[PDB]
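There is one chain below, alone, in structure tokens, taken in the form deposited without the ligand.
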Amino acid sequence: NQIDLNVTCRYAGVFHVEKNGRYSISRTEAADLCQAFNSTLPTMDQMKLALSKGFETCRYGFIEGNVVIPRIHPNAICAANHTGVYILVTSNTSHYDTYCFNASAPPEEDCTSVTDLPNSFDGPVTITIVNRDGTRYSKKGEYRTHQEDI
């Protein structure tokens, strides 16, 4: 197995994770993924603070309770011109990206490279953290605890 995890800069500890392809994480896998990063699925208030510090993406992703996109600037193809933490209301489907929250991060923007999946456990997968600047960190292990996700 090989799994690539593209991670963004953290904003008030909140970051975005894309696994392999766009929108391929379930809600259970997302919770396990954040846990592997010693993080949690963000609360809405945590996400709102991150947005205020400059966090935005053009990707739907899990937080605690909902699927959201943080938007600073209005774009027609990113939450249909909405700004703020846009909550996904209507979808047939169950697989998105995820957000995670790391309490130990700096309070503002942190674009240093993520170098580990610290809480990952023993397993057969090559897990590679890919940062936006291309710097990579790989380890062998596993983070999924539901067979359905494997």
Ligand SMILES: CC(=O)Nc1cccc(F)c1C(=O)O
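The term rigid core refers to the maximal set of C-alpha atoms that superpose within 1.5 Å between the two forms. Residue positions are given as counts along the sequence shown, with the first one as 1.
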{"query": "Which of 20-28 and 122-130 lies farther from this form in 9 other deposited structures of this protein, as RMS of C-alpha positions after a rigid core fit", "finding": "20-28"}
{"query": "Stretch farther from the shown model on average in 9 other deposited structures of this protein, with CA RMS computed after core superposition (30-38, 84-92)", "finding": "84-92"}
{"query": "Chain-relative CA temperature factor third for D45", "finding": "middle"}
{"query": "Position of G61 among the chain's modelled residues by C-alpha B-factor, lowest, middle or highest third", "finding": "lowest"}
{"query": "Chain third (lowest, middle, highest) by recorded CA B-factor, residue given as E109", "finding": "middle"}
{"query": "Third of chain Cα B-factors occupied by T135", "finding": "middle"}
{"query": "Third assignment of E29 from its chain's C-alpha B-factors", "finding": "middle"}
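What follows is about the form deposited with the ligand bound, which we do not show.
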item: Contact label in the deposited bound form: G65 to the ligand, heavy atom within 4.5 Å; value: no
item: Contact label in the deposited bound form: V114 to the ligand, heavy atom within 4.5 Å; value: yes
item: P118, heavy atom within 4.5 angstroms of the ligand in the deposited bound form; value: yes
item: 4.5 Å heavy atom contact, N102 and the ligand in the deposited bound form; value: yes
item: Residues of 2-16 having any heavy atom within 4.5 Å of the ligand in the deposited bound form, listed in sequence order; value: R10, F15
